[PDB]
Every structure is written in C-alpha cells, then in structure tokens.
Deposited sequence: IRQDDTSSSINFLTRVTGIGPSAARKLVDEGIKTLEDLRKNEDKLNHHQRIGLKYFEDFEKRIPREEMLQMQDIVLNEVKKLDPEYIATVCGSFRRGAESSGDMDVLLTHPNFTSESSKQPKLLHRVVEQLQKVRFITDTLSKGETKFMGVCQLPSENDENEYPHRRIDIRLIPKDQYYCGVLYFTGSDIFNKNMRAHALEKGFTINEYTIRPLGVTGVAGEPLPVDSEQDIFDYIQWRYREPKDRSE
C-alpha cells in the first residue's frame, strides 16, 4: 500500500534513518513537501540533506570530482604541508563518476597515541569554508566531518557530499587502502593476507599466530608496504576492481 512507499522516500533523505523516518510518518510527514513545511521536526542533518535532496541524488563526473580534489589538496597544503590528504573512494580507482567525496587526512602530529586533536581537522574544515568550497555542514565531529560542498562558477553546480576524516599517521595507509576498496578487493586482499599469517583491517595489519588471538601492528608508511607484508605485487588503485 501507498505508505510503505512513504517510509522509503523518507530514508532517501540523508539524515533520515529508518526509526527516524517512521516517527516522522506518525506526524503525517510523508512527502518531500511534508518535510519542507516542517523543518522543525528535523535535525540539522535531516534539514541539510532535505535542503539538498535533489543535488544529493545526482552523481559527480570525475571532471568535476577532480577539480574538487584539486581544491581540497591545495588548501590543506597551505595550512601545513605536513598534511597528507588522499581523496579516496571509487574515484581514486579511476571510476568515471562518483557518489560522494571523501578526503582522508592525516598529520604526523597526530598518532594513535594522542587522539585529541580536532583542530587538526577543524582548521581545514574552516579553511575549506572560507573559500566557499564546503558550503554547509551536516555533522562536524572531532575525527570526521560530514558536510556539503560545491565548486565555484562565474555564472551552476550541485552540492556534493564531502567527507573528511582524520586518521592517525600510524594508520592512515591501512585506511587509505580500505576506503579505496572496492569492497571485493578488500575481501580478497584481506583474504590473501590471512593465509600468509596476517590480518589487515582499516587501521592496521597485524601478524596473526596460533589460535588467531594475536596481533601487534606492523609499521606502515605507504599502501605499498601492506602489499609487501603479504607479498602481492602492488596493484595500483585502478586494478582494484576485484
């Protein structure tokens, strides 16, 4: 019946999760328009997603995606060149079009020992915002920022999603890998590694042992070393389809 159809539409709104989509229905909030007239029932997120519904639905061609990546890469560089920033996802893998952006970021100042340096992220979030790259914010945490951005014009672009994550320098690589994917490639790689006596996750690559209950994180300073640990020729990102 023409209502299940409603819950579904809700969830189409970033922010609006299921349990959240339901209560909204209970207020009779079902359509797009039912939302619009009711910004008060929604969080900043949900409101933002809704503001951007339409654009959020479109995809990013790499022509754009790249120009985006230029901007992120360049700005972090001027705040502090000790900032490593890899925009990952399918995109990295040559994908012709992308859903969202996701910048992975690190700084040697930050390791899995400090954990308390949101300014590290913030500073860029703020930086990105003064340029009018990031144009809205969904949810800005200490280690991760969900927001919205948009390329500049001279006369326009949709608002893409953008995620920036802060990762320790001692775990960046593993994560650069992991958010690189594809989901399959990770499975297989994670699958291969297991055989050599290793366990790779999004943070580390640990050596296994007897009864599995084991690990103690090998140093990683490039994605390359991951591969070396498990001796597989490094497959460039483009060759990680499976």
Completion exercise
Stretches of the deposited sequence lacking C-alpha coordinates, in sequence order, are 1-3, 159-161
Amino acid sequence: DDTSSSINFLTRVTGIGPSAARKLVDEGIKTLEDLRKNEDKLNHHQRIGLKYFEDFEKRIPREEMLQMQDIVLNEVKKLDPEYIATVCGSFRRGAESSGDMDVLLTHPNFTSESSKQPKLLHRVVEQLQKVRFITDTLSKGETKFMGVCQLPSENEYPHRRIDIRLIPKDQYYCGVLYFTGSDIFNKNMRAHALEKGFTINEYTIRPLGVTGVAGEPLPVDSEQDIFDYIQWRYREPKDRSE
From here on, numbers count along this sequence of modelled residues.
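Whichever C-alpha set is largest while still superposing within 1.5 Å between the two forms counts as the rigid core.
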Practice task
Determine, for 114-122 and 142-150, which one has C-alphas that on average lie farther from this form in 7 other deposited structures of this protein; superpose on the rigid core first.
Solution key: 114-122
Completion exercise
Core-fitted, the stretch whose Cα atoms sit farther from this form in 7 other deposited structures of this protein, 208-216 versus 56-64, is 208-216
Problem - Average Cα temperature factor in the PDB entry - higher stretch of 71-79, 123-131 - result: 71-79
Problem - Stretch with the greater mean C-alpha B-factor as recorded in the entry, comparing 208-216 against 56-64 - result: 208-216
Exercise for the section: Among the candidates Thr111, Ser139, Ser90, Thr86, give the one with the maximum CA B-factor reported in the record. Expected result: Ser90
Exercise for the section: Can you pull the Cα B-factors for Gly49, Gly175, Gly197, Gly181 from the entry and say which is highest? Expected result: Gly197
Exercise for the section: Compare the C-alpha B factor of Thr31 with those of the other modelled residues in its chain, then answer lowest, middle or highest third. Expected result: highest
Completion exercise
In terms of its chain's C-alpha B-factors, the third that includes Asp102 is the middle
Practice task
Pull the Cα B-factor of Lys37 out of the PDB entry and bin it into the chain's lowest, middle or highest third.
Solution key: highest
Completion exercise
The third of the chain into which the C-alpha temperature factor of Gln224 falls is the middle
Practice task
Just say lowest, middle or highest third for the CA B-factor of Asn43 relative to the other modelled residues in its chain.
Solution key: middle
